[PDB]
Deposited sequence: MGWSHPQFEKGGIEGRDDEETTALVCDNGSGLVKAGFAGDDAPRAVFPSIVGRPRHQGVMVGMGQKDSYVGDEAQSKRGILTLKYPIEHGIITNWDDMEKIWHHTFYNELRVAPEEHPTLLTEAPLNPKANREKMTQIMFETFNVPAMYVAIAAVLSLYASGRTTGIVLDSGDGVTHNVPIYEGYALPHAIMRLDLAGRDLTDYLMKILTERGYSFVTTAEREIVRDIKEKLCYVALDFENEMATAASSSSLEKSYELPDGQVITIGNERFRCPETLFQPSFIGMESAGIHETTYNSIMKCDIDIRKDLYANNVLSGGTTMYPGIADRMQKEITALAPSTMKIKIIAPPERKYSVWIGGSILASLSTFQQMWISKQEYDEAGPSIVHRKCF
């Protein structure tokens, strides 16, 4: 009996088998249908995006199209991993502070539609902390949909101090699409969104000092980079490289009044008991694709230093594999018989229904 670990990100499915060191299937969490008004999933939808309109069933960590999400799960089991789900206990993931109904319906579909023998829904940031070999620390997890901060002490997340911002990679992609119009470029369609997402991933970075960097960008072309579009045209981008992820520190760039990711991290630590704050400040763990911008750890270090007491020892841990830290933590925990002992069995679901997820999954 081999458990499946399926990290359903807002943007990417990461799926594979417990005990493996990496997910064996990683593909876009998208369903595509003809742009001219029957569907394609994942890599193939991306491949045919020239004729398709692409839709993400998960927005900001919440499943908003359950029919399409069923297609995503079906595709993961039968077309990618090529497994029979009724043979595999399955570990799923979720952002914290999601509405309770999201995991209730996840539980219903896994048992009633896919007939899994057992399942568990884990909080993503907790899995990343264990992947880093820690029981105490504060995780900053940022994917395509959610940025969340989870302080954890001696293996228990502190719910009163968990913070969440519905601002992450997809918002940054959309913002890059917008600001590229200032150069005369027009990226508007769902297919064009995927092109700009690639530009963002390849060329963006976090400036250590934003205003200084803006001045550098105007002084000469030293920061400019070229990028070849699928149709062969070559575009040039400059200060957009760092203005795009600056939004994480200045959410007003997209009209949000929220605190930036440095302030939210500080605020989360400050919600915890004073005697554990030094341990949290020394163990900030980054996880998720939106934490991959070059320069982000250094900028976090600088900004948290400015907010914290002047003698506070601060460390940002940025694992190189952090696009997969949640998945890897799930692979480790799902390899442990005691962790699997807490999973919901099909019989428990038959007798108790979806509500049982809240009594078993923490």
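**Student:** Show which contiguous pieces of the deposited sequence have no C-alpha coordinates, counting from residue 1.
**Tutor:** Several stretches lack coordinates - namely 1-20, 58-66, in sequence order.
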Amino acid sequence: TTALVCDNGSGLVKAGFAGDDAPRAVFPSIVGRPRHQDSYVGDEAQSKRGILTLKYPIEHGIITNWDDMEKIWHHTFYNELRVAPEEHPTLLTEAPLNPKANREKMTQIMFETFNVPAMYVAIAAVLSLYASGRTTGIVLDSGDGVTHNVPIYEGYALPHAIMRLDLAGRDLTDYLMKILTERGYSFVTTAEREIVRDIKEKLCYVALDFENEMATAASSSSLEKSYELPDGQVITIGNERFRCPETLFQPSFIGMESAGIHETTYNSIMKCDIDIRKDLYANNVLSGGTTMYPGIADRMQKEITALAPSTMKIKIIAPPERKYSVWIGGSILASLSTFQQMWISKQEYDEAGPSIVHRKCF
From here on, numbers count along this sequence of modelled residues.
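**Student:** Quick one: higher average CA temperature factor, 88-96 or 223-231?
**Tutor:** In the deposited entry, the stretch with the higher C-alpha B-factor mean is 223-231.
**Student:** When the Cα temperature factors in the entry are averaged, is it 326-334 or 305-313 that ends up higher?
**Tutor:** According to the PDB entry, the answer is 305-313.
**Student:** Taking the values straight from the PDB record, which of 171, 104, 141, 192 has the highest C-alpha temperature factor?
**Tutor:** Of the candidates given, the C-alpha B-factor peaks at 192.
**Student:** Could you tell me which one of 218, 129, 244, 270 shows the highest CA temperature factor in the PDB record?
**Tutor:** Out of 218, 129, 244, 270, the record gives the largest C-alpha B-factor to 270.
**Student:** Sorting the chain's CA B-factors, does residue 154 end up in the lowest, middle or highest third?
**Tutor:** Its C-alpha B-factor, which the entry lists for residue 154, ranks in the middle third among residues of this chain.
**Student:** Test of reading the entry: by CA B factor among the chain's modelled residues, which third contains residue 341?
**Tutor:** As the PDB entry reports it, the C-alpha B-factor of residue 341 lands in the highest third of its chain.
**Student:** For residue 58, does the deposited CA B-factor place it in the lowest, middle or highest third of the chain?
**Tutor:** Ranked within chain, residue 58 CA B lands in the middle tercile.
**Student:** Where does residue 81 sit by CA temperature factor within its chain: lowest, middle or highest third?
**Tutor:** Its C-alpha B-factor belongs to the highest third of this chain's values.
**Student:** Consider only the C-alpha atoms of the modelled residues in this chain, order them by B-factor as the entry records it, and name the third containing residue 238: lowest, middle or highest.
**Tutor:** Middle third of the chain for residue 238's C-alpha B-factor.
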